[PDB]
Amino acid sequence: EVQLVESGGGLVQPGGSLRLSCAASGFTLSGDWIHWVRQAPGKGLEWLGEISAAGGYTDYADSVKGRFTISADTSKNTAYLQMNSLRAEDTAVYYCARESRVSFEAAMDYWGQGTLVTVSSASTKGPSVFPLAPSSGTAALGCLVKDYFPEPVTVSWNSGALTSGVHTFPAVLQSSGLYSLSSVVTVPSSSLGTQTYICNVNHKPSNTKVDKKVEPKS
């Protein structure tokens, strides 16, 4: 019923600017309170700001004050975070959240999915996708997503119909400066041949959508 959906995230040159959007569904913004919070990949949670949609009053953390502005358009039911003059430190997953209905307290009970902001002077690159074919009980197979930037990459198996034994590994930053991961899944040996296995890789930054079929080799 109630949810936040955030967008606008992606790659940005250091010194540059970006605008994030938090779209609210299932409740009216006027009279509610909206918070932006970020999480740098390694570390913990950091409160950025607060806006009351009705009247448009705002408050910020010292670490972003003057550089960042929160606003909201009550008529489109969407809040915004405008970020200027970005730094490597600003690389993070940004969330918006609504204050809970039940007390003066700044508890946040509904959160968006989160969107990744990456600030660096590097170029967008599409991934290559490679088979990781099985051989010989139970058998393992997968896909290799190689040489992409920036994060993130989305891997699904058979449009999402397969979730048992599916391990998508954290990406690894390589020497070259590109990212790489593997998604893998374990299946019964008897199902080989009669069950097709397709991994569904999506890297929206470069806008690559690739669905590769993994079978054994002659």
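Each residue number is its position in the shown sequence, starting from 1.
The gap between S136 and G137 holds 4 to 9 unmodelled residues of the deposited sequence. Of the two stretches examined, 158-166 and 145-153, the record assigns the greater average C-alpha temperature factor to 158-166. Relative to one another, 174-182 and 44-52 have unequal mean CA B-factors, and 174-182 is the one with the higher figure. Remark: of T115, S123, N77, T91, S123 shows the highest value [criterion: C-alpha B-factor in the PDB entry].
Sort the chain's modelled residues by C-alpha temperature factor and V2 lands in the middle third, per the entry. The PDB entry assigns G26 a C-alpha temperature factor belonging to the lowest third of its chain's modelled residues.
For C199, the recorded CA B-factor ranks within the highest third of the chain. Only modelled residues enter the ranking. The deposited CA B-factor of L20 belongs to the lowest third of values across its chain.
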